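> target34.pdb (PDB, C-alpha atoms (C1' of nucleotides)) pasted underneath:
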ATOM      1  CA  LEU A 392      -8.902  59.956 -13.730  1.00  0.00           C
ATOM      2  CA  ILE A 393      -9.923  63.525 -12.852  1.00  0.00           C
ATOM      3  CA  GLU A 394     -10.934  64.173 -16.465  1.00  0.00           C
ATOM      4  CA  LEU A 395     -12.961  60.948 -16.331  1.00  0.00           C
ATOM      5  CA  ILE A 396     -14.706  62.060 -13.131  1.00  0.00           C
ATOM      6  CA  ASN A 397     -16.038  65.236 -14.781  1.00  0.00           C
ATOM      7  CA  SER A 398     -17.633  63.073 -17.523  1.00  0.00           C
ATOM      8  CA  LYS A 399     -15.072  64.444 -19.987  1.00  0.00           C
ATOM      9  CA  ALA A 400     -13.396  61.158 -20.999  1.00  0.00           C
ATOM     10  CA  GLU A 401     -14.442  57.584 -21.824  1.00  0.00           C
ATOM     11  CA  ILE A 402     -14.352  54.283 -19.948  1.00  0.00           C
ATOM     12  CA  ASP A 403     -12.068  51.592 -21.344  1.00  0.00           C
ATOM     13  CA  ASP A 404     -13.710  48.497 -22.824  1.00  0.00           C
ATOM     14  CA  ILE A 405     -12.630  45.267 -21.138  1.00  0.00           C
ATOM     15  CA  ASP A 406     -13.803  43.073 -24.035  1.00  0.00           C
ATOM     16  CA  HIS A 407     -11.999  45.089 -26.723  1.00  0.00           C
ATOM     17  CA  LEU A 408      -9.593  42.924 -28.698  1.00  0.00           C
ATOM     18  CA  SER A 409      -6.893  45.583 -28.389  1.00  0.00           C
ATOM     19  CA  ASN A 410      -7.303  45.238 -24.611  1.00  0.00           C
ATOM     20  CA  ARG A 411      -7.161  41.425 -24.819  1.00  0.00           C
ATOM     21  CA  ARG A 412      -3.631  40.162 -25.421  1.00  0.00           C
ATOM     22  CA  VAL A 413      -2.527  36.752 -26.682  1.00  0.00           C
ATOM     23  CA  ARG A 414       0.059  34.769 -24.731  1.00  0.00           C
ATOM     24  CA  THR A 415       1.409  32.327 -27.300  1.00  0.00           C
ATOM     25  CA  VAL A 416       3.398  29.139 -26.704  1.00  0.00           C
ATOM     26  CA  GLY A 417       6.692  31.008 -26.985  1.00  0.00           C
ATOM     27  CA  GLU A 418       5.744  33.540 -24.313  1.00  0.00           C
ATOM     28  CA  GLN A 419       4.491  30.918 -21.852  1.00  0.00           C
ATOM     29  CA  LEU A 420       7.581  28.771 -22.350  1.00  0.00           C
ATOM     30  CA  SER A 421       9.792  31.847 -21.963  1.00  0.00           C
ATOM     31  CA  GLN A 422       8.109  32.748 -18.668  1.00  0.00           C
ATOM     32  CA  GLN A 423       8.453  29.196 -17.334  1.00  0.00           C
ATOM     33  CA  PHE A 424      12.096  29.181 -18.432  1.00  0.00           C
ATOM     34  CA  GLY A 425      12.626  32.456 -16.608  1.00  0.00           C
ATOM     35  CA  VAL A 426      11.212  30.961 -13.416  1.00  0.00           C
ATOM     36  CA  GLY A 427      13.397  27.870 -13.723  1.00  0.00           C
ATOM     37  CA  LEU A 428      16.548  29.837 -14.527  1.00  0.00           C
ATOM     38  CA  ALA A 429      15.892  32.222 -11.634  1.00  0.00           C
ATOM     39  CA  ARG A 430      15.729  29.221  -9.308  1.00  0.00           C
ATOM     40  CA  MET A 431      18.929  27.866 -10.876  1.00  0.00           C
ATOM     41  CA  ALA A 432      20.657  31.235 -10.434  1.00  0.00           C
ATOM     42  CA  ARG A 433      19.638  31.371  -6.774  1.00  0.00           C
ATOM     43  CA  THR A 434      21.074  27.887  -6.261  1.00  0.00           C
ATOM     44  CA  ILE A 435      24.301  28.879  -8.040  1.00  0.00           C
ATOM     45  CA  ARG A 436      24.623  32.018  -5.913  1.00  0.00           C
ATOM     46  CA  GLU A 437      24.118  30.077  -2.685  1.00  0.00           C
ATOM     47  CA  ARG A 438      26.622  27.425  -3.784  1.00  0.00           C
ATOM     48  CA  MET A 439      29.188  30.139  -4.483  1.00  0.00           C
ATOM     49  CA  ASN A 440      28.353  31.643  -1.079  1.00  0.00           C
TER
ATOM     50  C1'  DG B   1     -22.041  72.974  27.479  1.00  0.00           C
ATOM     51  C1'  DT B   2     -21.915  67.995  27.856  1.00  0.00           C
ATOM     52  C1'  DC B   3     -23.213  62.973  27.779  1.00  0.00           C
ATOM     53  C1'  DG B   4     -26.067  58.816  26.375  1.00  0.00           C
ATOM     54  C1'  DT B   5     -29.376  57.130  22.446  1.00  0.00           C
ATOM     55  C1'  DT B   6     -31.265  55.972  18.123  1.00  0.00           C
ATOM     56  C1'  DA B   7     -31.428  55.273  13.332  1.00  0.00           C
ATOM     57  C1'  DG B   8     -29.219  55.017   9.078  1.00  0.00           C
ATOM     58  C1'  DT B   9     -25.402  54.115   6.770  1.00  0.00           C
ATOM     59  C1'  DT B  10     -20.635  51.785   5.695  1.00  0.00           C
ATOM     60  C1'  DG B  11     -17.138  48.397   5.654  1.00  0.00           C
ATOM     61  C1'  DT B  12     -16.409  43.746   6.372  1.00  0.00           C
ATOM     62  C1'  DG B  13     -17.297  38.747   6.894  1.00  0.00           C
ATOM     63  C1'  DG B  14     -19.699  34.207   5.991  1.00  0.00           C
ATOM     64  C1'  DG B  15     -22.627  31.362   2.687  1.00  0.00           C
ATOM     65  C1'  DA B  16     -25.311  29.676  -1.911  1.00  0.00           C
ATOM     66  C1'  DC B  17     -24.315  28.854  -7.227  1.00  0.00           C
ATOM     67  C1'  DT B  18     -29.154  21.724 -12.248  1.00  0.00           C
ATOM     68  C1'  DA B  19     -28.837  17.093 -13.534  1.00  0.00           C
ATOM     69  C1'  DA B  20     -26.055  12.432 -16.741  1.00  0.00           C
ATOM     70  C1'  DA B  21     -20.787  11.047 -18.128  1.00  0.00           C
ATOM     71  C1'  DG B  22     -15.389  10.984 -16.901  1.00  0.00           C
ATOM     72  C1'  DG B  23     -11.611  11.090 -13.760  1.00  0.00           C
ATOM     73  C1'  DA B  24      -4.510  11.279 -17.079  1.00  0.00           C
ATOM     74  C1'  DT B  25      -1.168  14.669 -14.668  1.00  0.00           C
ATOM     75  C1'  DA B  26       4.306  16.619 -11.184  1.00  0.00           C
ATOM     76  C1'  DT B  27       6.073  17.693  -7.586  1.00  0.00           C
ATOM     77  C1'  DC B  28      14.159  22.009  -6.426  1.00  0.00           C
ATOM     78  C1'  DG B  29      17.458  23.691  -3.027  1.00  0.00           C
ATOM     79  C1'  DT B  30      22.478  18.865   0.528  1.00  0.00           C
ATOM     80  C1'  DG B  31      26.509  19.394   6.078  1.00  0.00           C
ATOM     81  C1'  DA B  32      29.994  15.895   8.116  1.00  0.00           C
ATOM     82  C1'  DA B  33      31.269  12.254  10.966  1.00  0.00           C
ATOM     83  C1'  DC B  34      30.926   8.405  14.263  1.00  0.00           C
ATOM     84  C1'  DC B  35      28.274   4.992  16.804  1.00  0.00           C
ATOM     85  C1'  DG B  36      24.739   1.704  17.365  1.00  0.00           C
ATOM     86  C1'  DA B  37      21.466  -1.614  15.772  1.00  0.00           C
ATOM     87  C1'  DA B  38      19.961  -6.006  13.859  1.00  0.00           C
ATOM     88  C1'  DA B  39      19.707  -8.741  10.007  1.00  0.00           C
ATOM     89  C1'  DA B  40      22.142 -11.787   7.381  1.00  0.00           C
ATOM     90  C1'  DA B  41      25.772 -15.878   6.080  1.00  0.00           C
ATOM     91  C1'  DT B  42      29.204 -18.892   7.108  1.00  0.00           C
ATOM     92  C1'  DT B  43      30.936 -22.664   9.600  1.00  0.00           C
ATOM     93  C1'  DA B  44      31.151 -27.071  12.753  1.00  0.00           C
ATOM     94  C1'  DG B  45      29.404 -31.420  14.004  1.00  0.00           C
ATOM     95  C1'  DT B  46      27.346 -37.333  13.335  1.00  0.00           C
ATOM     96  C1'  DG B  47      26.842 -42.441  10.018  1.00  0.00           C
ATOM     97  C1'  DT B  48      23.872 -49.964   9.757  1.00  0.00           C
ATOM     98  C1'  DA B  49      22.603 -55.239   8.427  1.00  0.00           C
ATOM     99  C1'  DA B  50      20.776 -59.580   9.540  1.00  0.00           C
ATOM    100  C1'  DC B  51      19.447 -62.367  12.694  1.00  0.00           C
ATOM    101  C1'  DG B  52      15.922 -66.756  16.312  1.00  0.00           C
ATOM    102  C1'  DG B  53      11.029 -68.020  16.807  1.00  0.00           C
ATOM    103  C1'  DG B  54       6.198 -66.552  16.135  1.00  0.00           C
ATOM    104  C1'  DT B  55       2.604 -64.403  13.901  1.00  0.00           C
ATOM    105  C1'  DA B  56      -0.319 -60.338  11.444  1.00  0.00           C
ATOM    106  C1'  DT B  57      -1.356 -59.525   6.476  1.00  0.00           C
ATOM    107  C1'  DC B  58      -0.977 -60.098   1.088  1.00  0.00           C
ATOM    108  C1'  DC B  59      -1.147 -63.074  -3.777  1.00  0.00           C
ATOM    109  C1'  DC B  60      -1.850 -67.622  -5.845  1.00  0.00           C
ATOM    110  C1'  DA B  61      -3.431 -72.414  -6.648  1.00  0.00           C
ATOM    111  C1'  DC B  62      -6.551 -76.218  -5.484  1.00  0.00           C
ATOM    112  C1'  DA B  63     -10.626 -78.849  -3.237  1.00  0.00           C
ATOM    113  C1'  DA B  64     -15.153 -79.387  -1.692  1.00  0.00           C
ATOM    114  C1'  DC B  65     -15.506 -88.521  -4.790  1.00  0.00           C
ATOM    115  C1'  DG B  66     -17.972 -92.306  -5.984  1.00  0.00           C
ATOM    116  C1'  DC B  67     -18.535 -97.439  -5.461  1.00  0.00           C
ATOM    117  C1'  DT B  68     -18.526-102.269  -3.043  1.00  0.00           C
ATOM    118  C1'  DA B  69     -18.496-105.462   0.643  1.00  0.00           C
ATOM    119  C1'  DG B  70     -19.119-107.131   5.746  1.00  0.00           C
TER
END
Written as structure tokens, that's how I'd like the structure from this file.

Amino acid sequence: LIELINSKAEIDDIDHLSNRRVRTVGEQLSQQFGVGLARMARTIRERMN
DNA sequence: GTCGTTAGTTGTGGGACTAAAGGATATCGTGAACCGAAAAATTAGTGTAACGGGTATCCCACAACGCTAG
């Protein structure tokens, strides 16, 4: 950031395709599964409690 | 030296963002036990047939002439 302030570096490009990532079907389903399994684990922990 | 004033920020908050059509969604986690309420189902108990006159109505059939003599 300091090097950027002295006009010695470059600003990142928001629309660059290396800076735009693709969330595929597998990733979205994995994230939703993680949410569901976290809820299930909380329920299991409380039931054991 | 100290206190109120004014203007120019600066951060923060509230309010706008064509028209036409259409218009489907999915929605966790659980603690027990007894009493009261009303809504529902099951059970217990009584019964007619023809007759007298007299008369209201119905259907059903028939009549409602023609001639002669005292």
> Just need the residues of chain A within 10 Å of chain B, counting only C-alpha atoms (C1' of nucleotides), so spit them out as a VMD selection string.
chain A and resid 427 430 to 431 433 to 435 437 to 438
> Segment 423-430 of chain A, all listed atoms, 8 Å padding on each side: what axis-aligned box centre and edge lengths in Å to one decimal come out, as AutoDock Vina command-line options?

--center_x 12.5 --center_y 30.2 --center_z -13.9 --size_x 24.1 --size_y 20.6 --size_z 25.1
> Distance atom CA of residue 417 of chain A-atom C1' of residue 27 of chain B, one decimal place?
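Computing it gives 23.5 Å between the two atoms.
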> Atom CA of residue 439 of chain A and atom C1' of residue 30 of chain B are how many Å apart?
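Between atom CA of residue 439 of chain A and atom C1' of residue 30 of chain B the gap works out to 14.0 Å.
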